[PDB]
Amino acid sequence: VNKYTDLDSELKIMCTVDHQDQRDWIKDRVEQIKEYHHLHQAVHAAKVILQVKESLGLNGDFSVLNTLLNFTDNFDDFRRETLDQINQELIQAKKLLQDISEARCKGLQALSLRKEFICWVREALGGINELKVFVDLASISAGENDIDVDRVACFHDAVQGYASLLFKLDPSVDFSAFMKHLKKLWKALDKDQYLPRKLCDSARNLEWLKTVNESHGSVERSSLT
């Protein structure tokens with residue numbers, strides 16, 4: 001997986017036994033194997049999207065994705081087939097999810113399990129503009145140590161990037177509307193490779209983020225002062 005040039009080399013090594021002269025046919029199998037792997041990746045993406053649905057609280061029906069899960073559950077009887085006899089519905093499901101890579105699946109994962117963080121963020125801010133105010137109070141709380149101060153920047157960047165999903169999303173968002181709210185996060189992850197990990201780090205330190213609002217607001221940590 002993801003080493004298809006190595007696959008081609010290996011298959012030529014298999015050719016060395018001198019069968020099927022000129023051995024070009026393997027190029028076709030290579031693409032077919034790519035499809036199977038990419039097909040399975042779309043399957044994983046589908047589950048993550050379903051988890052995001054329950055995590056964020058969408059309402060738009062996403063029953064069509066079940067098609068891929070329908071393959072994943074009946075993996076045993078379907079596996080009696082070949083590489084080309086798979087079906088065209090799975091091909092079309094690949095067509096839909098073509099623009100998702102494993103990194104985007106990982107961002108979505110970072111979002112899924114963090115329902116509590118989604119809720120606390122939606123209740124506290126509701127508008128990314130308020131984030132700026134919240135960030136100021138967080139700076140008072142940190143403690144002048146690098147990890148503590150950096151928590152603030154990690155949270156700021158996470159919320160600034162994951163904004164469309166967290167704040168403005170409409171519960172009735174359908175498939176394609178979700179894909180566009182996704183394209184914004186897509187461009188953001190393209191600009192920053194660590195944004196999912198920042199989201200996870202922010203969500204793990206939820207208790208401090210909560211503490212910010214009530215207590216940390218004023219006392220003005222006083223180490224260099």
# chains A, B, ... in the order shown; residues from 1 in each chain; ligands from 1

$ residues_around --residues "residue A:82" --least-positions-apart "5" --cutoff "12 Å" --atoms "only C-alpha atoms" --output "VMD selection string"
chain A and resid 29 32 to 33 36 77 87

$ residues_around --residues "residue A:45" --least-positions-apart "5" --cutoff "12 Å" --atoms "only C-alpha atoms" --output "number ranges by chain"
A: 38-40, 50-52, 65-66, 68-69, 93-94, 96-109, 112

$ closest_residue --among "A:26, A:64, A:154, A:1" --to "residue A:175" --atoms "only C-alpha atoms"
A:64

$ closest_residue --among "A:159, A:49, A:90, A:141" --to "residue A:182" --atoms "only C-alpha atoms"
A:49

$ atom_distance --atom1 "atom CA of residue A:192" --atom2 "atom CA of residue A:132"
20.0 Å

$ closest_residue --among "A:5, A:205, A:176, A:164" --to "residue A:147" --atoms "only C-alpha atoms"
A:205

$ closest_residue --among "A:18, A:83, A:181, A:144" --to "residue A:35" --atoms "only C-alpha atoms"
A:83

$ select_by_dssp --residues "stretch 110-208 of chain A" --states "helix (DSSP H, G or I)" --output "VMD selection string"
chain A and resid 110 to 112 115 to 124 128 to 141 146 to 161 163 to 168 175 to 191 195 to 204 206 to 208

$ write_last_selection --atoms "C-alpha atoms" --output "compact mmCIF listing (two decimals), in the first residue's frame"
# COMPACT_ATOMS: atom_id res chain seq x y z
CA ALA A 110 -9.41 13.89 15.62
CA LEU A 111 -12.77 15.61 15.39
CA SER A 112 -15.01 12.57 15.93
CA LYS A 115 -17.89 15.55 21.11
CA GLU A 116 -17.47 17.13 24.55
CA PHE A 117 -14.99 19.63 23.12
CA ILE A 118 -17.36 20.47 20.26
CA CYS A 119 -20.09 21.15 22.79
CA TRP A 120 -18.05 23.27 25.18
CA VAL A 121 -16.68 25.29 22.26
CA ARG A 122 -20.13 25.83 20.75
CA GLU A 123 -21.53 26.96 24.10
CA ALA A 124 -18.67 29.24 25.15
CA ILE A 128 -14.81 32.65 16.21
CA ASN A 129 -14.53 36.35 16.99
CA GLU A 130 -15.07 35.57 20.66
CA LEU A 131 -12.08 33.25 20.41
CA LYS A 132 -9.79 36.25 20.39
CA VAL A 133 -11.11 37.41 23.74
CA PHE A 134 -10.88 33.94 25.18
CA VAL A 135 -7.29 33.67 24.02
CA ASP A 136 -6.32 36.71 26.04
CA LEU A 137 -7.60 35.19 29.25
CA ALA A 138 -5.84 31.94 28.45
CA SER A 139 -2.53 33.78 28.27
CA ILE A 140 -2.95 34.83 31.89
CA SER A 141 -3.49 31.20 32.92
CA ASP A 146 6.56 26.57 27.01
CA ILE A 147 3.97 23.77 26.95
CA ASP A 148 1.54 25.79 29.05
CA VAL A 149 1.78 28.93 26.92
CA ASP A 150 1.72 26.86 23.73
CA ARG A 151 -1.59 25.32 24.77
CA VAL A 152 -3.10 28.72 23.95
CA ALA A 153 -1.68 28.84 20.44
CA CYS A 154 -2.61 25.21 19.83
CA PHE A 155 -6.22 25.88 20.79
CA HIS A 156 -6.37 29.11 18.78
CA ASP A 157 -5.06 27.45 15.63
CA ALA A 158 -7.29 24.41 16.07
CA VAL A 159 -10.46 26.45 16.41
CA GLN A 160 -9.47 28.87 13.65
CA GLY A 161 -8.94 25.95 11.29
CA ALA A 163 -14.24 26.56 12.27
CA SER A 164 -16.84 25.63 9.65
CA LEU A 165 -17.55 22.29 11.32
CA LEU A 166 -17.57 23.49 14.92
CA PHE A 167 -19.55 26.73 14.71
CA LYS A 168 -21.53 27.44 11.54
CA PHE A 175 -23.64 15.16 1.61
CA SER A 176 -22.26 17.82 -0.75
CA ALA A 177 -22.72 20.69 1.70
CA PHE A 178 -20.63 18.65 4.10
CA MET A 179 -18.03 18.23 1.37
CA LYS A 180 -17.75 21.99 0.94
CA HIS A 181 -17.50 22.71 4.65
CA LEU A 182 -14.86 20.00 4.32
CA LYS A 183 -13.00 21.70 1.48
CA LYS A 184 -12.30 24.63 3.76
CA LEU A 185 -10.74 22.35 6.37
CA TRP A 186 -9.02 20.60 3.47
CA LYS A 187 -7.24 23.78 2.44
CA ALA A 188 -6.43 24.47 6.07
CA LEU A 189 -4.85 21.05 6.60
CA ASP A 190 -2.92 21.65 3.39
CA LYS A 191 -1.59 24.85 4.93
CA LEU A 195 -3.80 20.84 12.89
CA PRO A 196 -5.45 17.49 13.79
CA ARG A 197 -2.88 16.87 16.50
CA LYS A 198 -3.42 20.40 17.80
CA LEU A 199 -7.15 19.71 17.96
CA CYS A 200 -6.50 16.52 19.91
CA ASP A 201 -4.16 18.32 22.29
CA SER A 202 -6.72 21.07 22.87
CA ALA A 203 -9.45 18.53 23.54
CA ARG A 204 -7.28 16.59 25.99
CA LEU A 206 -10.40 20.61 28.20
CA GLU A 207 -10.40 21.17 31.96
CA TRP A 208 -7.98 24.09 31.73

$ closest_residue --among "A:43, A:113, A:173, A:224" --to "residue A:70" --atoms "only C-alpha atoms"
A:43

$ atom_distance --atom1 "atom CA of residue A:42" --atom2 "atom CA of residue A:12"
28.9 Å

$ atom_distance --atom1 "atom CA of residue A:56" --atom2 "atom CA of residue A:212"
23.4 Å

$ closest_residue --among "A:41, A:59, A:9, A:20" --to "residue A:171" --atoms "only C-alpha atoms"
A:59
